[PDB]
Structure formats: structure tokens, C-alpha cells
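Chains as they are written, first to last, in the deposited numbering: chain A, 51 to 100; chain B, 193 to 336; chain C, 3 to 520; chain D, 201 to 400; chain E, 49 to 96; chain F, 1 to 274, 284 to 340, 347 to 427; chain G, 24 to 438; chain H, 260 to 362.
The C-beta atom is built at its ideal place from N, Cα and C for all residues, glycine as well.
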Amino acid sequence: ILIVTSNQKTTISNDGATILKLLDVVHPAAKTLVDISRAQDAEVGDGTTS
Amino acid sequence: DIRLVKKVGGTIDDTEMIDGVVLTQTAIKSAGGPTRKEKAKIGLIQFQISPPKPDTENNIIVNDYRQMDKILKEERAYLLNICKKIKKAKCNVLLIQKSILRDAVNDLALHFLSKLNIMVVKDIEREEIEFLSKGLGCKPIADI
Amino acid sequence: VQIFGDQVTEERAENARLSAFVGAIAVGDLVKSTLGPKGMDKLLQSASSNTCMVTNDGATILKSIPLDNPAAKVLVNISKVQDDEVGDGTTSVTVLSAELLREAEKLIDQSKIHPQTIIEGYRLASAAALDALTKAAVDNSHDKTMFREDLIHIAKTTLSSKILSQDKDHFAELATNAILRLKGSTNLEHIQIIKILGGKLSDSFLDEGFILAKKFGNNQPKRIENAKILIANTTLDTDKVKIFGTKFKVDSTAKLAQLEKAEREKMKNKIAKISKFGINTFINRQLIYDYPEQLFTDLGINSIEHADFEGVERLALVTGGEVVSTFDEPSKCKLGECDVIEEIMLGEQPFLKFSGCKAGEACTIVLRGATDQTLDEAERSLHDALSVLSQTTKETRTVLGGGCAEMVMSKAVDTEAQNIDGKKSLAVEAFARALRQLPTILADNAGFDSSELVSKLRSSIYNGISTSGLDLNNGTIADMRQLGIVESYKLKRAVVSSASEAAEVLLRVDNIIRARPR
Amino acid sequence: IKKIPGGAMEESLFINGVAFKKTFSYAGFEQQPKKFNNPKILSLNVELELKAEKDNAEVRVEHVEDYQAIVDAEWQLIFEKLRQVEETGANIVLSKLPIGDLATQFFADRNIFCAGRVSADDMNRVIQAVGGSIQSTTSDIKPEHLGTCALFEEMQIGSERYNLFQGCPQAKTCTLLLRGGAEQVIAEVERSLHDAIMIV
Amino acid sequence: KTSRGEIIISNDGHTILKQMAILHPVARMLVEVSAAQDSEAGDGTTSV
Amino acid sequence: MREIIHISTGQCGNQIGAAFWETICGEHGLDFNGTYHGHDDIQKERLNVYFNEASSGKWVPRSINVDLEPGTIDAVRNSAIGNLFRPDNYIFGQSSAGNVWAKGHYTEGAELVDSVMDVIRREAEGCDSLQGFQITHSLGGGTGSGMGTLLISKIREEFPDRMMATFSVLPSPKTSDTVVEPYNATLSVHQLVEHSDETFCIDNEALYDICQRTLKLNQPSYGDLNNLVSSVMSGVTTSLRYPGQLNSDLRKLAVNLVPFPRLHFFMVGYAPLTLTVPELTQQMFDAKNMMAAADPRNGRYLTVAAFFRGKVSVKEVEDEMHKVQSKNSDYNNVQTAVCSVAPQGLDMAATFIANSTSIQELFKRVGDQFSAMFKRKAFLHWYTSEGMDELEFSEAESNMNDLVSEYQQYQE
Amino acid sequence: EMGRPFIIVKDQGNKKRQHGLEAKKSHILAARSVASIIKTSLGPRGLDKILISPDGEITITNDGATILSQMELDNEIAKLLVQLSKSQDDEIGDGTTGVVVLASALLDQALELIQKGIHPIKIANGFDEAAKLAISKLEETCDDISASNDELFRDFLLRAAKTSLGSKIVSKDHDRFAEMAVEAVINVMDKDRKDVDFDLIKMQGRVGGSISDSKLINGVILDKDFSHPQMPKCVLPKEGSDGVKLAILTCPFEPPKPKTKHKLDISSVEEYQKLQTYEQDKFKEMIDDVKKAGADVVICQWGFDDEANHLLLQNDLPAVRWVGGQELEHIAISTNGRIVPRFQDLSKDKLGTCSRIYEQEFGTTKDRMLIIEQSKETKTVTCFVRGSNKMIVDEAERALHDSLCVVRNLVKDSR
Amino acid sequence: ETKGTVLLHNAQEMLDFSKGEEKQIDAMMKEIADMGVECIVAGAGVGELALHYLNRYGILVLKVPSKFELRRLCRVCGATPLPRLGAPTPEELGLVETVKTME
Ligand SMILES: Nc1nc2c(ncn2[C@@H]2O[C@H](COP(=O)(O)OP(=O)(O)OP(=O)(O)O)[C@@H](O)[C@H]2O)c(=O)[nH]1
Ligand SMILES: Nc1ncnc2c1ncn2[C@@H]1O[C@H](COP(=O)(O)OP(=O)(O)O)[C@@H](O)[C@H]1O
Ligand SMILES: Nc1ncnc2c1ncn2[C@@H]1O[C@H](COP(=O)(O)OP(=O)(O)O)[C@@H](O)[C@H]1O
Ligand SMILES: Nc1ncnc2c1ncn2[C@@H]1O[C@H](COP(=O)(O)OP(=O)(O)O)[C@@H](O)[C@H]1O
Ligand SMILES: [Mg+2]
Ligand SMILES: [Mg+2]
Ligand SMILES: [Mg+2]
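If you want it as C-alpha cells, here you go:
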């Protein structure tokens, strides 16, 4: 997934975490997926997408 | 070498010849000084009569109280003895140039110059110093 | 897929070469009128403060005018380098480099020649061109009188293009004397050109000395004799010691009266050390205040204040002395000498006249003219004239001009075109035909024929006369040695190399990329 | 692991130590040798340059004869600070704070390499690699606290200089240089390794 | 009447041409000729 | 010491204080809910200067906002930045000073001041290191001027030593429509000088010029003005909340910038009003960047003190000072204070605060209006009615003769 | 939607997306748009391109990295090609154009295979196996040159030097630039012919002259004149001596002052006269220290004083001012000297050695640029490149830089 | 608290002012350690020179830059803080067996 934020910073990633982050999610219920990705990424670091 | 003095007021007929040099500046009169002096010798003061404050920074420190008293006394004397030496040469008129970084003639010094009947004129332009020395034949004075 | 951003002009087609070629033609045609002795001066209208500028040199014109074309920058930059390198021949590089691209245009369009073939012919054509100047030059170093005559004719050639075409007979003697004065110092900064408006144009002169822009301060005399000059770059005025952390712990003002007196005593002691030399004139670059100025009166020494650091170099060399500081040791130090010093007045501003100095390693030129615009033109002139003559000392070899330099190159270039059989011969012939246009525009500016007059110069050289050239006052062929016009080898080497390499720039383009302005 | 824009990912190699960017060009950097057979590492924290000593600057001087001595004292103590580093035989000098031109030229004469402008996270990785300790005072330096390795060699990597340490008998550090074409290639190789290193 | 608040009467051609701000540069050259006539001779600044 | 209270009084006071807190909170890092999302020690290790750590880290600023017009306080509170300030802190009471020093001051000091002394006491008891108080008032209004005078006095009594810094906003002659502005601004200084320890002069008229010249906003809104005032305040306070030693802590500032006691008034100077230290040098000392109407070139600097920020070394600034002193000698004075953090938004700024004889112009003016335009005893009955007499006004004009004299005495 | 504002990411309406086959066609055509720029530039018959920066300055270049670096783009696919050319430029310094055309060639051929329905990972794995297979074959077929002597090894650099210069600027004097490029490495090289230091040779261009005027000089280029130019410009060595005895100093000529702010208090006139004596004796002691050291030319970092310049002219001692610290790094390695911090540590062993010091004009008024030359082989070579235009000499810098980088690759054995 | 600034009249004070510090800090720190302490909880920023002598004897340093974060820790070990830099009293020293650092 190729994402470019407002500051024109190019990034290419397949990780739940990076992708979700490079995305400022304002919806409240959708940020639960952001939390478990960072929680899975902080401890284990693999299978975030899963 | 020709001088033209601009002035508002008067009429065209009032223009006339002056045999000697004329000063565009005016007297301070702040102190009560003379403004006319018959048979007066004009001296060109090219320095500043002011409290001591030399080129390098000068930080004055007062350690005891007699000293506050003294600093004042000594100054009322640094201006007096320099004015006393003007009486020794019997110079009757002084002309000071534009002073930079400090006042040209201190108000405390005007009391000594006004009581001894000396006309004081300050704020003269620097380029005119060559004019006054060439006309009056008076060499400038940069030090006592 | 537009990969570029918004407002990005790109040209990747034939319009790119057309836009780059038409830009040089516009720059080329702009300077065709400024070439030659009959050329017309140009007028510049500045956009800020209405500050006009009249100048004939192409370098000042092209740098002043705004041009957004990238091809125009190359013609601007090659003219700036030629103005800084030699100081003359900038318009020749601009018109020749544009004509090489003009002649190369029809090869690309009509004959359909590769760009790599056109430059490849210019390499071999430029090599044979410089080889013609190797044999066509003449070394006049063996005799100083002939070299003295060579600087005359070079001054006749350079000054004829500017507005001083009539007064070049008088300034030719003025120009060559300044070069013989410098005796080989090719630095142009050692000549002070004092600008004075008013009077006839021929009223210029070259006094044997250094003319100051300022006067004496208060009472020092104007006329003196047998004065010893001493130069200093010394503060010499209210000496602020090298460490600024200095202070005075004053317990009473009576002691501070002694400290300010001590500052006057050391200054009185310093001026007392100046008197040990036994001088009559003292010069310092910093502006002198009142207290040290007064002590020179009793000693009988003159004082001059606020001299510029670039003038101290000229002042030291005309006087022949040395700049002295730390005056405790007068034995090792050196000072100059002069016969007479006198203050003069040229217009409103007074000046100090020096005459009879021992050393003559520098000089000053006083110009006189109707307008500041004419005075400026004049100034720019002697600078271009003295710049060529200054480099003539280090490069003694010279080349005859007047259309003979461009044609003797074409004689050798056309000879080499036959031994390179193929398609490259058209490129070398294009380089030859580009050189024929320099005497053509020189004839067009004077209002003569472009074809018949050049045809007579063509036939005259191949018959076996390598001294024929154009004469513009009568409009016929004449001998160059009798007329007396000649250029330096470094000039003709520079314009041929600059115009050749300038053509190599805008022939390899195949795309013009323009980003956004900032 | 750090970023190196430029190169191909296949030319990477395994490193038994650290490789950190100097981030500053010193006046006497080229004079030092790049190859030491038996280098010795010593980590510093004191600032080796002529400046204020301890967060203040105020010096009163009455006599001008002592004004020459107080300046020579500052020149005396700064070489006394550097001579204590020289006497122990520390070939590599490292400090978080900057190192001035006066110190690096003193080390440059007698074949002593030095570097600075490094972060605290990089400094903590240097100690565990060489097995030394941090010493923020030159007087308490002893020979036993100096780290050692096999060899030293500064190599050109992507138009950037890196000080390589390798060949230690017991190294706690693994730090590989990630070279790649685009800045996302080196980033993807980092995140892929950072995810795999957590699993193993 | 100049740009600032100063007002001046002038019969001298040099001071007339000096205070007049001319847009054309060739006509502006006459300001320098009157300055040259004023500096050299000092009389007949309008006759030139 | 560790902490300083920040009183804000008046409609101008509350606006400038709200802007100041909006700047400060974001500077060293706190969402308007009080939570600290900042990185890291540098922004947290001097947060105790102006915030009270509560259990649970709901930092809350130590500020006492007061006004006699419920409305201004209310607006600020209902707005954003309404969770930080504790609800009990606000002290606001009807009716309105009515834009009169005399009336507003006496009447509500009689009431609002008592309540304020009460709040200033217990909330502060809460600290272990009072260092002084920062008041933001408007010199020319009603509530702010009158109350400020009363409070300054009252506090000084209950806290002898404690330093006392003010940021009064001087009136704009042109843009201050109310006619009785000078006649209040005069009575305020009468007491500001006798009590305060360091004060900063900000003129709305000057703020308009900088807003329209540099920023180029077509019409200044009080908001713009407030933002600029906020920036200078932030620089002076960083001089305080960032670990540093150059002018470390308020009292030091005072000692360094006050030659003699009866001269509190400072001319702020701030740039890069919308970079290299040499570039910012000219901007600080440009005569147009002063937020004081009086020209400083005609005047005379007495003690300069420049507060840089962002990436700057010791020598960048020292070399700059050496170069500058050399050319403006006629105008050895210098005091540098480099910081490490950077302006929110910009990399590097440089605040400038120099004592200058030129303030005497801004006081000769105000005295001229006060006397000449009230030799006719105009609009005076409004003040005599409240209870205060005219002898007090004579005392007030007399003490400005004095101020002017002083500046003249230190030979301009 | 169900009527409510269905928003997920901040700035929902601003950003877009692209998927499916249309996302691929945007990628391949974006590479073809960049490939058409590079395709007409590659090879010896190429054509430079002219670029225009936002500040008005232009650069006439034909190296894919400098073109793509100064190109304002919006598509991210070309921005990765901008970094790929920069990657080839930084490390190897050869083939920027190739890496670009070649990557587009793989992308253009991949477009036809995406139409057939092959998964992209099988496409990517195919090129990875094919790339290593081609590298494994080409490593076997190429021959080694280390068996030859040094006389023939110089010719192999001339083979690659003429290859790198061509296709670029200065094709006219490329035979001499090849000899000049090879002569630069003969001076700066290791005895084992391995791991030569590239940082010892810096690039320096000069706007003026012609290409034929360029020549080799072993020394430093300073853009400044001597102090107080009354002395002769070209100083010569003594009759019998090891050299000119170059001296370098990172201390300005002044009285010694503390680095911290100080307050020297003078409470008496007698102490004030001793300050005058202390002021003069320091300058007297300073010039006596460099006199006894035997130095002829002195290099000062932080500049000096009017009073010592005269003291420098009488003793026949040229000097300079405002020499940056980066140049002193270049002066010490060239002349093999040690930079002394102060005068107390001044000794004759730390002074450098070089052949002669002289200065020329290059024209009328441009600037006085200093020149230094060595009498033997040293560890420093400074290319003295001239040019008729600023764009010519600017392109000649990066062209000669790529030439030295190609020779730097051949320093590695058996490549 | 009031204008802490160095003052060095002669070179004899310049030489001893730099090492004086080492010695003094070292003394206070040694004093702290003869009591057998191996971890000290700091209330604000700690200097680098004081840190060099703490980790010499293996004394752990802990940051608690707030009032309530420092008070809650004293209730665990039951220690009585004193702001002086002298010797902790033996009755006031707390008891903690282990201090682990894990992920
Ligand atoms: N610099 C500045 N000054 C302001 C601002 N808003 C108001 N003022 C000033 O406020 C002054 C009048 O307001 P105040 O005197 O504070 O009003 P007040 O007396 O508190 O209001 P009441 O108590 O209701 O009478 C005017 O001189 C304005 O210059 C602002 O945003 N910036
Ligand atoms: N009186 C003359 N007779 C013949 N040729 C002349 C005469 N005056 C000038 N020329 C020719 O005109 C040319 C003028 O060139 P010039 O204008 O100096 O070039 P640039 O201005 O570019 O330096 C010279 O080459 C010279 O040969
Ligand atoms: N009294 C007179 N009678 C007749 N003609 C005069 C008289 N005075 C001057 N002129 C003429 O009028 C002209 C006046 O020129 P003038 O106005 O003085 O020039 P400017 O003002 O530029 O110096 C002179 O050239 C002279 O010929
Ligand atoms: N003189 C030459 N003769 C034959 N081939 C050449 C010559 N010069 C360059 N080439 C070839 O041209 C190709 C492209 O080189 P070029 O694009 O100029 O280098 P770069 O890509 O580094 O800019 C290379 O593969 C090289 O083999
Ligand atoms: Mg995974
Ligand atoms: Mg010419
Ligand atoms: Mg190549």
C-alpha cells in the first residue's frame, strides 16, 4: 500500500501498523483497529494484519 | 570661502555687508552668560567640557561614604580648575563644536563660565571650524 | 501521465531547438549594431530609481537587460567571462557564437546533419584555426621602440570602437604611457580614474603622481617642497587596546583625571615618535580626530585623513616608500620622497597634486566630459583599452585585424576541409562561413556592400598577400601595416576559443526543463 | 540499525560491533590513521574544548602580570585534561558533547583517533559492544576499563564515513548497515528485519 | 512643488531641471548638462 | 525560585492571558485537558514554574483571572482553554468599572479585591517557592487599571519581597477612542512605579503599525495583536522555564535590567515578525520592530538584553554582539541569553528588551494630554464623585514631571 | 452513508485512491515519461538537457542524477527513479542513465506480462533468479588484469578514462583529461594498489579562461590575497634549505585573553603604562617566535592584526587571513605539516614543506586566487579546471568527478 | 539562589577550581555510600559529575520529577526523605530487595 500524507512524505508498507498510522483516523470506532495493531506491533511485531 | 546665512524675516533692503565673520549659532543663555563683550578675544574650543568619561569603559566604584562626598567635590573642581586656566589666558569668548556621545558644556560648568563673563556658544558644525580659524586667525584648541 | 508538477513548461520537440536557437539570434542581432568603429551606442532604461546607463560593451548590456531564456544565459555568461578575462572582444564572442548557431541551424533543418557531426567538424576546424594564428603572429619583444609603437596601434584599435574615435590620437599616448609606467604590473586596480564633468573631451591628462580625492583637514598648508611621506594603517586615534575586557577601578575622579591624561600622554608619546623620522607629511587611512591633529601643527607635519585601503596601495607605489607602523624602530623602516606638493582645484572639489616622485610604478587618470553618461562611457573605454594593453606585456605576440585575422583562419580551415572527405566537410565549411560574417557586419554598420567588398577581400588573400584588409573610412582594400591597427594574440585566441566552446553548449540540447519560479 | 541512502542490498555484510556516522568534519581528521592493529576504546563525557568551565564566566584580574598567567592557566589545564587521556593510551576517543579543534589536532599528531556528535542511545551501544564503561572525568581513568577489539578500519559507505568495530571475543551488539536504492527500500528492509528479529 | 512638503521658487534652469522629475532619459541628460554648466562656468545654465 | 503566579485582570488582561496560556501550554506540551503528551524531560522538568501537578497529572495553571464585567471572563471560560483553569480561580463581579480609574477602582477593590486576596492566598499556599507575580493589565481601561493598582498594592503588602512583573498595555492615542484614557493611564503609573519591580510597555498604536506593515493583515483584529504580545511574553518566560543560567529566574532579570529603582519600563523587541543569527540581528534593532511608539534611535539605550531561541551557539551570538557594538556605539552594553528550544512554528527567534531614555517621549506625550486637555477640568466630576479628590491628580501630574526628569537627568 | 457524514481518515475529500489495472498503467506510463527523457540522452551521441531552478540558475547536464535531482515532480513513481539515479551516483558514480532506462525496460516488458495474468511476485522472482544467473555468468567470462605490470595497468585506466569523459563535456581535450585523470591517481595511491582514499582529492572549478589552459598542480586553492600587498607576489626559497618552511596557526595574532568574559581593572596610571608595555611586548615576542622558527609563509585561521602585518612585511614574511578550517585540513596533508595550536608549542619539526608560492591574475579585476605546487609526489592532488562559461566549468566538475570514480572502481582487484 | 557566578582573581584559583569540584562531589557521594546504599531516587535533574561517582559504586538513579510521584514511593519502603546531601540516617533508610528491568 502506497500512502502520501499532507507533508509529502512517501512511504511503502504492508504492516498493519505503519499503514494505519500513516493514516490519521478520526472515526472513533475505527481506531480500535489502530490500538490492537500497535499493541500487537509493540509486543510481538508480527501478524498485525492477521 | 564665501558664506551665505539663510534667515526668515526682514526685508530685501536689510541685506548689508559685514566686515567680519558672523556666527549662525546662538548663545545658550542658560546660565546667565554674557552676550556681548567689547574688546573680546575669540577662542575656538575643539574639545568637550564635561565630567570625566574616557574612551575605555570606566566603572566608578564607591567603597566608603566619605567617597561619595569626595567624588562630588572633586568634580566641582575638575571644571573649576580648567575654567581657572581660561582666566589665566584671559580668553573672553568660547566656541564649542557639536559634541558626540555626551553634552558639550555641562550645566554645572555654565555657572562658572557665566559668572566670569564668558560667552558660550555650542552646536557648531564641524566643517565650519576651518572657516572660523581661517577668518578669525585663531588656531583650534583640543587640549588645555 | 503528467509526472511533473503544476506550471512546469517542458519542450521535448523541435520547438526546443527553435526556442534555444531563436534566443541566440535575438541576442545576436541585439549586438550587431555595436560592433565596429561606426557602431551605434545603446541606451538602457533601468526599472528601479530611473538610473539610466549608456554603454557600448555587450557584457554590461546583456547583464543589465533581463532575459528568461536559458540560451540567453550562456551568451550572458560567456560575455561575462570575456569581460573579466581580457576586457575586450565581448560583442565579437556574442555575435560569432550566435552566428555559429545560426549557420548550424540550416544544417539541422535543410541538410539534416547530426549535432555530433557539427561539433566534430568544429573541433577540427577550431584546431586549424588556432594553428593559423601560431604562424600568423609576430614577436616584437627584441626592440622596445617597436613594442612602444605596437601599444599605440593596439590603442588605436580598441579606442576606435567607443565614443573616443576622434580623441584616440591623444589618448593613445596617454594609454601607452600608463602601461610603460606600470612596467609590467597587469593589475588594473592600480589606476585611479577620477571622474570630472565639464570641459572639453580632449582636456584629459596624465600627471606624474597620485591625485587625492580629499584635502587637508584644518590649517595645514597647500604649497610645500621636499616633503617626506610616511604611510600608516594605524588607528593612531584614541587607542582602544586589543583586549576589550579592560576597565578602570576608579576610587576618585581626581585619579581618573590622570588616566585620561595618561591616554593623552601615550598619544603625545606616539606623535613624539613620529617626529623622530624628521618628516613633513603624514598619511593615515583611518579618519584622524582632533587631538592627534593638533600636535602635528607645532612639529610642522602635514596630515591627510580618511584614505581608502585600495588607495593606500596606489599611494605607496607612486611614492616608492613603505607603509610603516610600530614606530619604535625607525632604522629598518623605509619612507618615500617627493619634490613638491600642491593643492589644486578641478571643478568644485579640490584635489592634492603630487609631482616629481622617485618611483613611478603607478598613476592616476583625470577624465573630462560633457555628461556623467559620457564620462562613464569614457571610463569604461580606458578600462577596456588598458586591459588589452596590460595583457600585451605578458603576451607580446600580436595579430593583424581588420578582417585579415578572420580570413587567414578561413584560408587554413577551408584547406583542411578537403582532407576529411565525408559529411563532416559541410560542418567545417559552416565554421568557415561563420567567420566570413564578422567582416560582413563590420561593413554593414558603415553602410557598405556585404557581398562585393567581402569578395574582394576573398580574392586578395588567396593571390598571396596576407596583409590585406578592410578600410572603412574610404570603403576599399588597403594595407594593414601602413594604417597601423593590430590586436594581441591573447584576444584573438580568447574570442575564437570562447565563441567555439559557446557553440558546443547550445548544440547538444534536446530538451528544455523549466521548474516553477520562486 | 541506521539508514544509508545509496547502494544495493546484496552487498551488505554482518558486523560484530557498531558503525556510527561522524556527522562533522574536523580540521585534523585526515591526519589520523584509519587502520589500528590493536585499538583500545575509551568512552568520555567531558567537553574537550576551550570554553567556560562550569556554566558561568566571570574572571576579575587586577594586575596585568597575572593577566598573562590566568590565560596560560587555561591553556595549561586544557592540555592537562588532554594529557591524562594521552597517558593511558586511549587510541579511540568518543564523547556525546562536541570536541573542539584544539583537542582533535592534539590527538592528530601522535596517531590518536577521535570523534563526537553522537547520541546517548549510540553511546550505550558502544559500551556493550566493547565491554568498557563511561568515564566523565579524565583524572579517574584506569587501564582496566578500556575496551578492545580485533581491528579498526573506516570504509566508504554511500558517500558517508562510518567507524567500524568488529572481531571482539564477546560482543553484545549486532548492527548491520542497510544500503538500498530508494529510501523506502532501506526502510522496508528495516521493518522486515525488525519484525523477524522479534520472532526469533 | 516637490514630492515632500517643501516648496521652492526657481528662475535658475539648473534648479528647475533638477527638481523636475523627468520620465524620458534623453531629456534627463539636460539636467546633467546644466549641472556641468553650473559647476564649470556657473552662468547661463539655461542658454546651454 | 521554582514558581511564579500569573494574575490577569481586565478585558485586555484576560485576552492576553488566554493567548499567553494558549502559547505556553503548547510550548512545553499539554493538551487543553491538562494531560502531558510531550517529549520529554526538557519540557517537564520546569513545568512546576507555572503548573500545579495534581494527583493524576491533571496539570492546572496557577492563574487568577479577574474582571468586573462578567462577560469577558465568561467568554474565555466557555471557549476552548476552559478545562485547564480551575473553576474556582475566576473572580468576576458586576457591574463594569465603566472605563474609569477612580470609580471602578475604588468601588470594586472594595469588593473584588477582597475576594482576590482570598484566592491568591490558599491556592498559592500550595507551593513551596513563590518567586513573584506576573500581572497583565491594560494601563488605560477601567477595571484593569484601577484594580491593578489596588491589587498591586495589596499583594505587595501581603508579600513583601516577592518580585512583581507587569505587562501593561499602554493606550493608543489614535485608536483609543475613549477620551478619558490618558487621564486614567496617568493615575495608574502614579502607583505602578512606587511598587512594581519590572514592567514592560506595549502600545496598541505600535501594535497596529507592526500588524499592518509586516504581517500585512488588512484590518488588525485584537486577535493579531494578542498573538504578537503573546510571543514576546513567551520568550521572556522561556528565559524562565527552560533550564538555563544566563538570566536564570525573574529576580535575575530584574537585577540585570534595572540600573536604578525608579526605572522599570522596558521596550520589547521581537523578530522574525512575519533565518540566521546575523539576519535576526538587524530585525531586533530595527527602529520599526519596537512595540513602543517612541523612536529609540533618538533616545538612548541603557541596558540591552537579547533573548535568542532555537539553534544558536555561544559564539554566533558573541560575534554578532562584537560586530554590532562597533557601529551603533553612539547609541559597552550587551546581555545575551541563548535558549535551546524553538518557537512554536518557527525555528529561531530573538526577543529584545532594552531600557531606553526614549520612553520619556511616551510619557511627555501622556503628560501633555493629561495636563493640557485637562487644564479645563474636563470629565473630572466622574472621578470626584467616587470620593477621591483633586489633590490626588495634582500629585499624579507632579510624579510624571518627575519621571520625565529622570530620564532627562540620565542625559538622554 | 445512511445520511450521516461517513468519514474515516482526516482530509477525506482531498486525497484519492487508485487500484486495479488502472493503478498499474499510471505506474508504467510514468516510467515511460521519464524514460523518454533519458533515452535521448544516453550514449556517446546523446544531448545534454537544460534545467532551470526556481532561483533562475540553470545547469546544462547530461547525467541522469543531476537531471532528476533538479526536476520538480508530483508522481511518486518518478520520485523513486529520482532516488535510484542518486543511488547510482553516490556510490559507483557511473550508469545513472542506465539504471533509469533499464528499470523502465523491465517495467515496459512487465506491462505485457500483467496483461497475460501473471502474479507480480512470480514476475519479481523471475528477474531475481535471472539477475543472479546473469551475474554468475558474467563473473566467469571476464578476465583479470592484475597479472600485468604497472605499465599496462596504467593503460587500462586510460581505456576507462576515455570511456567516462566521452559522452560528456570537454570531449575536445578528453585525451589530456584522461592523462590528467590518470596522473592524479598516480600521485595519490596506496603501495599495495588497494583502498585509495577519495576524500584527499577535492573538486575546484574556476570561471574563466579556456579548456586548454587547465593543467595539473599539487597544492591548495585559496580564494584570497596576501596581507597588505606591498611585498613581491611570487616568493622564492632560500639558496640552501629543505624548503619554504610553511607554518600554520589556529590562533589570531593578538595578546592572550581568556576565553571566558573577563574584567581587567586598571586602578593606577602606573598599571596603565604596563598595559601599554604588555601590549607591545606580546607583538614583539610573537614575531620573534616565528622568526626563530624559520617560517617564511604563515597561515592564520582566525585572522590577524594591523600591527603585525607591518611586523610581517619588514621580516619578509607573507601571510593571509580568514582561512577556513576545512582548508587547513587540506594544507596539512598536502605539505606534510603539523598545525601547531600556539607559539609556545612552536617547533621546526611541525612546519610543512612545499616548492613555491605564487599568485596570478587570470584577467582584470576578478580576484587574487592563491596557488601552491609541490616538487615531488605527495598525498594531495587538486584539479585546476578552467572554463569559458559557468555551466561549462560546472559540468566539467561532475564529469571529472565521475572520471575519478570510474578509476576508483578499477582500484578494486579483478573488476 | 542569588547570582551564583564564578570569581577567580589569580591562576592559583583557576587551577584548583576545576578539581575542587571533583573532590567535593566525590566526598559527598562516598559519604552516601559507606552506608551501603545501592539506589537513590532523585527528585529533579541530576548533574553529570554527580552521576559519574554514583555509577562508580553501582548506585542506581531514578527520576521522579513531580511531588506526588516522589511521595508515593516513600510509602512502599517506609523511608523519611531529607533534602540535605549528607549521610542518610540508618533508621530512615528504606528496604527493597530487588529492582528488575524487563520488557
Ligand atoms: N493590546 C491589546 N489591547 C487591548 C485588547 N483588547 C482590549 N484592549 C485595550 O483595552 C482597553 C480598554 O479595555 P479595558 O480598559 O481593559 O476594559 P475594562 O475597563 O476592563 O472593561 P469594563 O471593566 O467592562 O469597563 C483599550 O485601551 C484597548 O487598547 C487586545 O487584544 N490587545
Ligand atoms: N579605422 C579602422 N580601420 C579598419 N578597421 C577598424 C578601424 N577601427 C576599427 N576597426 C575594426 O573594428 C573592430 C572593432 O572591434 P571591437 O568593437 O573592439 O570589438 P569588441 O567591442 O567586441 O571588443 C576591430 O577588429 C578592428 O579591426
Ligand atoms: N540688462 C540686460 N539687457 C539686455 N539683455 C540682457 C541683460 N542682462 C542679460 N541679458 C541677456 O540675457 C541673458 C540672460 O541669461 P541668464 O538668465 O543670466 O542665464 P542663467 O540664468 O542661466 O545664468 C544673457 O545671455 C544676456 O545676453
Ligand atoms: N566512446 C565510446 N564508444 C563506444 N561506446 C561508448 C563510448 N562512450 C560511452 N559508450 C557507451 O555508452 C553507454 C552509456 O554511457 P553514458 O550514458 O554516457 O554513461 P552514464 O550512464 O554514466 O552517463 C555505455 O554503456 C558505454 O558502453
Ligand atoms: Mg508479517
Ligand atoms: Mg572592443
Ligand atoms: Mg558514464
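> Is any beta-carbon of chain G found at less than 8 Å from that of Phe313(D)?
Replying inline: Not an interface residue.
>> Between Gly206(D) and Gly358(D), how many whole angstroms is the CB-CB distance? I'm expecting something under 8 Å.
In response: Right, their Cβ atoms sit about 4 Å apart.
> Which residues, in order along the segment 238 to 271 of chain D, keep a beta-carbon less than 8 Å from a beta-carbon of chain H?
Replying inline: Contacts with chain H (Cβ-Cβ distance below 8 Å) from the segment 238 to 271 of chain D involve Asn245, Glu253, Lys254, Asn256, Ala257, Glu258, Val259, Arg260, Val261, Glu262, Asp266, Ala269, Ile270, listed in chain order.
> Whole-angstrom Cβ separation of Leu245(G) and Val404(G), contact assumed at under 8 Å?
Replying inline: The beta carbons of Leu245(G) and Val404(G) sit about 16 Å from each other, so the pair does not count as a contact at 8 Å.
> For the beta strand (DSSP E) that contains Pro352(C), what are its first and last residues?
Replying inline: 352 to 357 is the extent of the beta strand (DSSP E) around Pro352(C).
> Among the residues of its own chain, which have a CB less than 8 Å from the CB of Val333(F), if the five just before and after it don't count?
Replying inline: The answer, listed in chain order, is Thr290, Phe294.
> Nearest CA to the CA of residue 238(H): which residue from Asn256(D), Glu274(D), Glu258(D), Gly217(D)?
Replying inline: The structure shown does not extend to residue 238(H), since chain H is modelled only from 260 to 362, so the question has no answer here.
> Does the beta carbon of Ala110(F) fall short of 7 Å from some heavy atom of ligand 1?
Replying inline: No, Cβ of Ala110(F) sits at least 7 Å from all heavy atoms of ligand 1.
> Taking the continuous alpha helix (DSSP H) assigned at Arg195(B), which residues delimit it?
Replying inline: Counting along the chain, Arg195(B) falls outside any alpha helix (DSSP H), and DSSP gives it neither H nor E.
> When the cut-off is 8 Å and only beta carbons count, does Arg266(C) lie next to chain B?
Replying inline: Cβ-Cβ to chain B under 8 Å: yes for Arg266(C).
> Using the beta-carbon of each residue, which ones in chain A are nearer than 7 Å to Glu99(G)?
Replying inline: What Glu99(G) touches in chain A: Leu52, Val54, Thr60.
> Does the Cβ-Cβ distance between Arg391(F) and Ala357(F) come in under 8 Å?
Replying inline: No; because the gap between Cβ atoms is not below 8 Å, this pair is not in contact.
> Using 8 Å as the Cβ pair cut-off and three pairs as the minimum, do the segment 227 to 244 of chain C and the segment 274 to 284 of chain C touch?
Replying inline: Yes, the segment 227 to 244 of chain C touches the segment 274 to 284 of chain C.
> Relative to the alpha-carbon of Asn412(G), which residue among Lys82(C), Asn71(C), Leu45(C), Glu489(C) has its alpha-carbon at the smallest distance?
Replying inline: Cα-wise, what sits closest to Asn412(G) is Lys82(C).
>> Quick check on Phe212(C): does DSSP put it in helix, strand or coil?
In response: Of the three classes helix, strand and coil, the one that applies to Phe212(C) here is coil, per DSSP.
>> Taking CB distances under 8 Å as the criterion, tell me whether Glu350(C) reaches chain E.
In response: Closer than 8 Å to some Cβ of chain E, the Cβ of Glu350(C) qualifies, so yes.
> Can you pull the DSSP bridge partners for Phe200(F)?
Replying inline: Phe200(F) pairs with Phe266(F).
>> With a threshold of 8 Å between beta carbons, is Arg183(C) in contact with chain G?
In response: Proximity of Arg183(C) to chain G, defined by a Cβ-Cβ separation below 8 Å, is not satisfied.
> In or out: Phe207(C) buried (at least 16 other Cβ within 10 Å) or exposed?
Replying inline: Flag for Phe207(C) reads exposed.
> How many angstroms separate the CA atom of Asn304(C) from the CA atom of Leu214(C)?
Replying inline: Whole-angstrom Cα-Cα distance: 14 Å.
> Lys62(G) CB to nearest chain C CB: under 8 Å?
Replying inline: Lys62(G) has a beta carbon lying at 8 Å or more from every beta carbon in chain C.
>> Taking 8 Å as the threshold (beta carbon to beta carbon), is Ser277(H) in contact with chain D?
In response: Contact with chain D is found for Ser277(H), since one of that chain's Cβ atoms lies less than 8 Å from the residue's Cβ.
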